[PDB]
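Data block below; observations after.
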Amino acid sequence: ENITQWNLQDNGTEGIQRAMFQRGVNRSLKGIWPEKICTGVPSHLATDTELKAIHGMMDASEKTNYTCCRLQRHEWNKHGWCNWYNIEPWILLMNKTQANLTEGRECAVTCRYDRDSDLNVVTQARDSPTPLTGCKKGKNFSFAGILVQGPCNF
Ligand SMILES: *[C@@H]1O[C@H](CO)[C@@H](O[C@@H]2O[C@H](CO)[C@@H](O[C@@H]3O[C@H](CO)[C@@H](O)[C@H](O[C@@H]4O[C@H](CO[C@@H]5O[C@H](CO)[C@@H](O)[C@H](O)[C@@H]5O)[C@@H](O)[C@H](O)[C@@H]4O)[C@@H]3O)[C@H](O)[C@H]2NC(C)=O)[C@H](O)[C@H]1NC(C)=O
Ligand SMILES: *[C@@H]1O[C@H](CO)[C@@H](O[C@@H]2O[C@H](CO)[C@@H](O)[C@H](O)[C@H]2NC(C)=O)[C@H](O)[C@H]1NC(C)=O
Ligand SMILES: *[C@@H]1O[C@H](CO)[C@@H](O[C@@H]2O[C@H](CO)[C@@H](O)[C@H](O)[C@H]2NC(C)=O)[C@H](O)[C@H]1NC(C)=O
Ligand SMILES: *[C@@H]1O[C@H](CO)[C@@H](O)[C@H](O)[C@H]1NC(C)=O
Ligand SMILES: *[C@@H]1O[C@H](CO)[C@@H](O)[C@H](O)[C@H]1NC(C)=O
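Shown next, in the form of structure tokens:
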């Protein structure tokens, strides 16, 4: 039921995707998304110490040199607190997921079509199929180097 999305490395994409490439990171968790978007004041303000426990998840913000915790805190604030109620379960889930991603079903979400390699370079992916964005029709996909015929590797 919850969408799990992550960034993939790409030198061609400015931001976390280039940062991940430069650092040899292939997958960095974006979020775990239930249907409900949290609006208003969080039940608990997430601490950098609590967020840094999501080992492997690089921050999407340059203002922390793609480390922690703007994006991590964004996730807690936007999709976290109103669905999990307490930071502990959320931290434990976010962490296990990132770890699974770090340690090796992945559908493309957004591509950057590279003309020099005739490839749909996957910049964001998820655990379920989704309408693609910026993916050229009929071209192969590159999921952090892995070449796949379809938009999903399953
Ligand atoms: C998909 O996404 C949904 C969210 O939309 C998610 O569902 C949520 O799952 C979390 C757990 O992962 C669950 O959170 C618990 O909620 C209950 C109340 O509903 C709380 O009691 C829990 O907190 C736990 O208890 C502590 C305090 O409580 C007391 O203290 C003692 C401690 O000695 C405990 O043993 C007892 O529980 C006692 O009552 C808390 O302080 C701790 O944090 C502790 O974990 C959790 O907060 C939510 O209810 C679910 N919400 C919904 C909407 O479903 C689901 O897991 C996701 N699934 C997947 C597969 O991704
Ligand atoms: C992390 O990876 C493990 C191993 O692939 C997942 O565990 C399996 O999950 C399936 C489906 O949920 C279960 O039926 C199996 O019994 C589990 N096997 C093992 C060896 O653990 C786990 O679900 C993954 N967790 C996350 C959050 O991605
Ligand atoms: C977060 O996940 C990591 C894996 O990415 C877990 O790492 C372990 O850290 C503790 C020491 O702090 C030990 O169990 C091992 O040295 C680590 N194991 C591995 C495989 O790296 C960590 O347990 C997780 N933390 C939380 C809070 O879930
Ligand atoms: C990565 O991109 C930068 C800027 O576009 C470029 O100068 C560099 O040569 C690229 N490196 C690789 C290995 O593609
Ligand atoms: C950003 O991080 C990388 C690797 O951790 C490092 O090369 C760089 O110097 C860091 N700091 C700044 C300010 O760029």
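So the sequence shown is residues 3 to 106, 110 to 159, counted in the authors' numbering.
Note that beta-carbon positions come from the ideal geometry of N, C-alpha and C, so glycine has one too.
> From what residue to what residue does the alpha helix (DSSP H) around residue 107 run?
Replying inline: Missing here is residue 107: after 106, the next number in the chain is 110.
>> Between which two residues does the beta strand (DSSP E) holding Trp8 run?
In response: To locate residue 8, count along the sequence shown from 1; it is residue 6. Unbroken beta strand (DSSP E) run through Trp8: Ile5 to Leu10.
> Looking at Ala113 and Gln11, is the spacing between their C-beta atoms short of 8 angstroms?
Replying inline: The residue labelled residue 11 in the question sits at position 9 within the sequence shown. The residue labelled residue 113 in the question sits at position 108 within the sequence shown. Cβ atoms of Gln11 and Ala113: not closer than 8 angstroms.
> Can you find a heavy atom of ligand 2 that lies under 7 angstroms from the Cβ of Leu31?
Replying inline: Position 29 of the sequence shown, counted from the first residue, corresponds to residue 31. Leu31 Cβ: outside cutoff for every heavy atom of ligand 2.
>> Can you tell me whether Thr51 is helix, strand or coil according to DSSP?
In response: Taking the sequence shown and counting its residues from 1, one reaches residue 51 at position 49. The answer is helix: DSSP assigns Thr51 an H, G or I state.
> With distances taken from CA atoms, which of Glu16, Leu31 and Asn13 is nearest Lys98?
Replying inline: On the sequence shown, position 96 is the one that residue 98 refers to. Checked all of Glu16, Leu31 and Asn13; the closest Cα to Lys98 is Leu31.
> Per DSSP, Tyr118 forms a beta bridge with which residues?
Replying inline: Numbered from its first residue, the sequence shown carries residue 118 at position 113. The partner list for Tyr118 (beta bridge, DSSP) reads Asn125.
> What residue range is occupied by the uninterrupted alpha helix (DSSP H) comprising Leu94?
Replying inline: Sequence index remark: in the sequence shown, residue 94 carries index 92 (1-based). Segment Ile89 to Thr104, the alpha helix (DSSP H) holding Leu94.
> In chain order, what are the residues with a CB under 7 angstroms from some non-hydrogen atom of ligand 3?
Replying inline: Here the residues close to ligand 3, judged by CB distance below 7 angstroms to any of its heavy atoms, are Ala55, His57, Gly58, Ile93, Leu94, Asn97, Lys98, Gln100, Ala101 and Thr104 in chain order.
> Does the beta-carbon distance from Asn13 to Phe23 come in below 8 angstroms?
Replying inline: Taking the sequence shown and counting its residues from 1, one reaches residue 13 at position 11. Taking the sequence shown and counting its residues from 1, one reaches residue 23 at position 21. Going by C-beta atoms, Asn13 is nearer than 8 angstroms to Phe23.
> In whole angstroms, what separates the C-alpha of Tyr68 from that of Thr15?
Replying inline: Position 66 of the sequence shown holds residue 68. Position 13 of the sequence shown holds residue 15. When rounded, the distance between both Cα atoms is 14 angstroms.
> Do you know offhand how far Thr6's Cα is from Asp121's?
Replying inline: Along the sequence shown, read from residue 1 onward, the residue named residue 6 stands at position 4. Along the sequence shown, read from residue 1 onward, the residue named residue 121 stands at position 116. For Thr6 and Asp121, the distance between alpha carbons rounds to 31 angstroms.
>> Counting C-beta neighbours from all protein chains within 10 Å, is the total for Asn125 16 or more, i.e. buried, or is it exposed?
In response: One-based indexing of the sequence shown puts residue 125 at position 120. Per the 10 Å Cβ criterion, buried.
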